[PDB]
Amino acid sequence: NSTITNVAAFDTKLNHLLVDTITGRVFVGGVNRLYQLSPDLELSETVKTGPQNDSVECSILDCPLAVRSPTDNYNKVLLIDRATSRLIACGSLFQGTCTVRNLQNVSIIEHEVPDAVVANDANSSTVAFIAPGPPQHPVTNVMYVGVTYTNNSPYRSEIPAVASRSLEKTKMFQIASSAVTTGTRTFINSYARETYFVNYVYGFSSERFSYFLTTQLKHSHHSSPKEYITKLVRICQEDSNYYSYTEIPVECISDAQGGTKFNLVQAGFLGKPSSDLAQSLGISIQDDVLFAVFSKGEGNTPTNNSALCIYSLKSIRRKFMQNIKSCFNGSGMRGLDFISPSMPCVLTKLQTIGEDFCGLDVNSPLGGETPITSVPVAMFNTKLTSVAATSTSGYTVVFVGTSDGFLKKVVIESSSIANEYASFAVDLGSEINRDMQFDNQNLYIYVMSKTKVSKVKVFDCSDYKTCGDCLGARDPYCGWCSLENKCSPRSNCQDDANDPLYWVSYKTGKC
Amino acid sequence: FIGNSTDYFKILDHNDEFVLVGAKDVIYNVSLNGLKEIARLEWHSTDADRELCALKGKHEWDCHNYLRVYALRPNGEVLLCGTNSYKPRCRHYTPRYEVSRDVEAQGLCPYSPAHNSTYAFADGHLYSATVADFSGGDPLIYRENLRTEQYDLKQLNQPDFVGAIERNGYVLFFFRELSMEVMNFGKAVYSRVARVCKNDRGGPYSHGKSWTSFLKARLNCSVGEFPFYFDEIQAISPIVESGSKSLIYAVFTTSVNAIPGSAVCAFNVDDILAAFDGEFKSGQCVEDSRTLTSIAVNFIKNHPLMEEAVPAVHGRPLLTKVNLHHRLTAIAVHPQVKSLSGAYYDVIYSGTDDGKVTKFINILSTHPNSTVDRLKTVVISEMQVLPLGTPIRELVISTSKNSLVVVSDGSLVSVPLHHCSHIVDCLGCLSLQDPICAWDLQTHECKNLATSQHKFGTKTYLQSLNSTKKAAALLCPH
Ligand SMILES: *[C@@H]1O[C@H](CO)[C@@H](O[C@@H]2O[C@H](CO)[C@@H](O[C@@H]3O[C@H](CO)[C@@H](O)[C@H](O[C@H]4O[C@H](CO)[C@@H](O)[C@H](O)[C@@H]4O)[C@@H]3O)[C@H](O)[C@H]2NC(C)=O)[C@H](O)[C@H]1NC(C)=O
Ligand SMILES: *[C@@H]1O[C@H](CO)[C@@H](O[C@@H]2O[C@H](CO)[C@@H](O[C@@H]3O[C@H](CO)[C@@H](O)[C@H](O)[C@@H]3O)[C@H](O)[C@H]2NC(C)=O)[C@H](O)[C@H]1NC(C)=O
Ligand SMILES: *[C@@H]1O[C@H](CO)[C@@H](O)[C@H](O)[C@H]1NC(C)=O
Ligand SMILES: *[C@@H]1O[C@H](CO)[C@@H](O)[C@H](O)[C@H]1NC(C)=O
Ligand SMILES: *[C@@H]1O[C@H](CO)[C@@H](O)[C@H](O)[C@H]1NC(C)=O
């Protein structure tokens, strides 16, 4: 195939994938393995991370009167620090340990920490991104981590569910700011910890706030039947107390079959809109848009009935503000009964709660009930497992990965109108991983399946010989120069021709 | 000693000569000689700090600096903490006084002026039992670098602390709590006694900030075939040395939406500690608790409740008031008042929520009407001290001045501890049945046996306690 450029097949099962934004090097974290590659998927280094003797009943220092056995080391976190050139990789062994490796050569270990940081399960989620935070005012970055309670060890209670963690050499991976009664940390209470689990899907930072996209039970008490919802966890980055820990539910609702709720989110991607799309959402082109793929789920299991939903962060911030304003006006219950018993919202004299509200002592851990709602621009007959968005062309194109191994491209012209223009298999029979990232120019996209990584070209207009094929492909990247017989984008044609119909799009004209 | 009704008095220290009273924006040093103010220390919340309090949804009467923790440090320094309009602060006054340190007090001092909290300054260290959050949903027991598990309901489930005692290298905490102990709990309230070692230094590694010795036991203040439980503890007393037995006296009441009733119970200090030696429901002080195992510390954090309940002295309440209009609220004891026969009786003072003080003793008549020993309550007097509706918050006894200080929200009143001098009639002196008052027959005066000297073989003095009150009167001739 000519659309797929490089293919790298690995020996183990792959877990994560990131691209260095300035050097374009590729880092792949997998089971018992850890690989570094060049921008063309040429292997540079490979690191054996397992297996090692380990039991879930034991920590590194003590092993109760239980035997350590060789167990696999599933990679759970893969991150790059920009200020200090060093790679962060966390494994499942030893209660979720992180190592700090050199960026030029991942084989080198620079710092080994013993702190329990990450889920020690093979399937329990863990989401980690680096963004501004305390202790100092936001000149130092921290690691925001969200971990699911694996429920397999007594040492697991020690690990928070959401926490900020320091990147200082002296205090590596410790909670960033902690005091007697408060800190940069949220635990799930002893009564809900073993029953109410939280699945962390995606994490991102946008406009002085840290975000987590989660799936979880709507209710903690057993008074109601089990319903799974998608939530959005937020914290102010200046906040060194998590006074601003807040959640609102996320609904992706459809007209079809009466009421259809795509309750289970599968993957998320934060990106920028196009000229046309920014007008529909009522935002500037420099603003952020959240792209996410939701799947209707039988219980907690996603079905083959997915949908693509977009959310602007102006409406996300205005929905958080809507839930916060309402609590501080005394209406309703604070929520988040699975942290501590839910007490009523207090009436407050607060007069200037805005989008930047950063939290106070009162109504502090707030659980919003008013959801942010969106109607999907596209629906699909397969389970969608990844999402990525680029606006190199004048239009936004969303790249979507299939659990069956297919890559689909959707072009989004409005909050209402969008449709597929391409669809092909990258690794047939192999679910596409959630970590799917572009090249630095957004010209190639890295698609990772179970055991392979494929460098896929974002557009190829040269393979359209005749012109009815160029405009017929309905590719937003492809137009047709009148003079030369080449299909190519606008920049490739020469406006030397007198007629403005030198380059024509697939919907603006006829060839 | 009268103040407004708006302030809220809390005895923060008491001697037989002086008492310290924390109030709305001041703390008083008051002489027990005439309930006269001797010294004062004012400490007002700043206008910005108390505008923040009203901003967060509180009222004017809540946004004040209610002084609620006092402790004289071993160097002559003075530790003084206040609520500071739901922003608790602690200060260090050094000598009069001058401010030497000011710092946050979250976890060291309540936010609300309610009688919800307690503390004990034991061996130069403050043990605090309060809330650490503005919203009042994070109860803890805190010492220097050691606290209970945040939001762990198996250790503390919405508690109201009533007292704290230092004893034998432990610190005991008395409180009522929500019941999650029984698998079929339904918003029931039970009363606990908790314990922490004073030489606790935290567990190893991550446990280094939490107690390795916190254990609690239920208190049993029940009434036979038809049991009757008083499950909400209201007030305790200091440890009372009644002969060879150390005792703690407590007031209990029934829950709301139940048969209204109050009781007084007493628990041996040895019975309290012995309960921590039995089974756990599904603690020894080691020199370095940081040497314990993760297995051991995690165990005690998952089994903080003992199985056995602390039994009561005589196995029943010493006084009961069921289906009456008023409820008992405070307790104080004058121990070991030697009667005319030479028997020692503890005299018990319990105040009601409508301003009365009940005085009584207990007599353990051996086989008076059956083969099982029968305990009887002898009520000496139940008089009105405070105006008809005002709740008695605390009681402080001064055996020296023969005075009983009654503490309400905005006043202190003193009454006589023993009324021997006041009565002049023979019937009254014997009907009173106070173990300390007896009628002389040479002198017509009803005399106080603390200052008098009987000799066991003289028919001079006359006293009747075991009989009925009318039977005591028949002993009076003519
Ligand atoms: C603290 O101590 C007090 C007193 O020591 C204690 O009160 C006692 O409680 C028990 C049970 O709560 C009472 O025992 C009852 O005795 C009668 C016989 O008179 C039994 O019939 C009772 O029930 C049994 O048999 C029933 C037959 O219908 C069955 O339905 C039932 O299942 C039982 O098999 C029961 O045994 C006892 O009378 C009181 N004693 C007094 C003096 O009140 C209190 O329970 C203690 N508290 C704690 C927390 O330990
Ligand atoms: C409440 O006020 C009273 C009276 O002002 C205080 O009592 C006084 O306290 C001081 C300081 O402890 C006593 O001075 C000391 O006297 C002893 C005895 O000689 C001496 O050894 C010390 O070096 C020091 O000088 C003073 O005597 C005492 N006065 C009386 C009449 O008792 C009381 O301390 C105040 N309350 C509190 C809690 O401090
Ligand atoms: C622990 O590792 C050793 C290798 O040093 C291995 O031989 C042994 O089998 C492991 N333990 C168990 C219980 O298998
Ligand atoms: C990278 O690190 C490994 C292990 O220390 C070493 O063998 C290798 O020589 C280093 N450099 C390169 C270019 O591989
Ligand atoms: C983890 O997930 C994989 C794929 O869904 C499954 O094959 C495996 O059995 C799971 N392991 C556990 C312990 O559930």
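Reading the values: rules and limits
- Residues numbered from 1 in each chain as written, not as in the entry; some residues may be left out.
- Chains lettered and ligands numbered in written order.
- Heavy atoms only, no water.
- UniProt positions renumbered as here; feature names shortened; annotations may be inferred.
- Near = heavy atom within 4 Å.
- Polar contact = N/O pair within 3.5 Å; in protein donor to acceptor, adjacent residues only side chain to side chain.
- Areas by Shrake-Rupley, 256 points an atom, 1.4 Å probe, with all protein chains shown as cover.
- Nonpolar A, V, L, I, M, F, W, Y, C, P; charged D, E, K, R; others polar.
- Contact = heavy atoms within 4.5 Å.
- Buried area = accessible area lost by both parts, 1.4 Å probe.
- Domains from an automatic or database assignment.
- Salt bridge = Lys/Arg side-chain N within 4 Å of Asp/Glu carboxyl O.
- 1 Å grid on protein atoms, 1.4 Å probe; cavity = no way out; pocket = protein on both sides within 12 Å on 5 of 7 lines; lining within 4 Å.
- Points joined across faces, edges and corners; volume = space filled by probe spheres on them.
- Helix = DSSP H or I, 4+ residues; strand = E, 2+ residues; numbered from the N terminus.
- Pairing = 2+ DSSP bridges.

Per the PDB entry, chain B goes by MIP07328p and derives from Drosophila melanogaster. If you open the UniProt record of chain B and go to Subcellular location (unreviewed entry), you find "Membrane".

The name recorded for chain A in the PDB entry is Plexin A, isoform A, from Drosophila melanogaster.

**With respect to the site of ligand 1**
Residues and elements named next belong to chain B. Near ligand 1 the following residues occur: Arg218, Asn220, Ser222, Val223, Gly224, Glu225, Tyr229 and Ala309. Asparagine 220 is positioned such that a nitrogen or oxygen atom in its side chain is 2.6 Å from an oxygen atom of ligand 1. Measuring from an oxygen atom of ligand 1, one finds a backbone N or O atom of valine 223 at 2.9 Å. Expressed as a share of its isolated accessible area of 920 Å², the protein-covered part of ligand 1 is 34%. When grouped by side-chain class, the residues that make up the shell around ligand 1 number three nonpolar, three polar and two charged.

**Quick look at the interface of chain A and chain B**
On the side of chain B, 22 residues touch chain A, which itself brings 24 residues to the contact. When the two sides are added together, the surface that chain A and chain B hide from each other amounts to roughly 1,900 Å², 57% of it contributed by carbon and sulfur. Three residues, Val180, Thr181 and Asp361 of chain A, lead the burial of chain A against chain B; their summed loss comes to 28% of the area buried on that side. Its residues placed into classes, the side of chain A that touches chain B shows 13 nonpolar, five polar and six charged.

**With respect to the domain arrangement of chain B**
Residues and elements named next belong to chain B. Under the domain assignment used here, chain B contains domain 1 (1-419) and domain 2 (420-478). Domain 1 and domain 2 are separated by 37 Å when their C-alpha centres are compared. Each side of the interface is counted separately: domain 1 has 19 residues, and domain 2 has 19 residues. When domain 1 packs against domain 2, close to 1,500 Å² is buried across both sides, 63% of that on carbon and sulfur atoms. If you look at where domain 1 meets domain 2, you find one salt bridge. Salt-bridge contacts for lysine 359 lead to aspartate 434; the nearest nitrogen and oxygen are separated by 3.6 Å. Applying the counting rule to domain 1 against domain 2 returns seven residue pairs in polar contact.

**Here's the deal with empty space enclosed by the protein**
All names here are of chain A. Approximately 140 Å³ is the volume attributed to the largest cavity. Counted by class, the lining of the largest cavity contains eleven nonpolar, three polar and two charged residues. Around the second largest cavity, the lining is made up of 14 residues, and of these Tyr243, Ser244, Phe357, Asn363 and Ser364 lie nearest the centre. Of the residues contributing to the lining of the second largest cavity, the split by class is eight nonpolar, five polar and one charged.

**Observations concerning unusual backbone geometry**
Following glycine 50 of chain A, the chain continues to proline 51 of chain A via a peptide bond in cis, the omega torsion being 0 degrees. For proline 51 of chain A, the location among the structural elements is in the loop between β5 (43-48) and β6 (52-54). For the bond running from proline 134 of chain A to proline 135 of chain A, omega is 5 degrees, close enough to zero to count as cis. By secondary structure assignment, the location of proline 135 of chain A is in the loop between β12 (126-133) and β13 (140-147). In this structure, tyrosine 205 of chain B takes a positive phi of about 60 degrees despite not being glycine.

**Some points on the domain arrangement of chain A**
All names here are of chain A. Taken domain by domain, chain A consists of domain 1 (1-460) and domain 2 (461-511). Here the C-alpha centroids of domain 1 and domain 2 sit 39 Å apart. When the two sides are added together, the surface that domain 1 and domain 2 hide from each other amounts to roughly 1,100 Å², 54% of it contributed by carbon and sulfur. At the boundary of domain 1 with domain 2, the tally comes to one salt bridge. A salt bridge links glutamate 413 to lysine 507; the shortest N-O distance between them is 2.4 Å. Here the residues of the side of domain 1 that touches domain 2 sort into six nonpolar, three polar and two charged.

**Quick word on the site of ligand 3**
Residue and element names in this part refer to chain A. Neighbouring residues of ligand 3: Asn53, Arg68 and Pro70. Contacts to ligand 3 include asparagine 53, whose side-chain N or O atom sits 2.3 Å from an oxygen atom. Within the backbone of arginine 68, an N or O atom sits 3.4 Å from a nitrogen atom of ligand 3. In the complex, the protein chains occlude 28% of the 360 Å² of accessible area that ligand 3 would expose alone.

**Some thoughts on the sheet that holds strand β32 (residues 444-448) of chain A**
All names here are of chain A. Strand order in the open sheet formed by four strands is β1-β33-β32-β31, and the pairing between neighbours is antiparallel. Looking at strand neighbours, the two that pair on one side only are β1 (4-9) and β31 (437-438), the edges of this open sheet. Taken together, the five bridges between β1 and strand β33 (residues 452-457) define a ladder with antiparallel strand orientation. Counterpart to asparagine 6 in the pairing with β33 is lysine 455.

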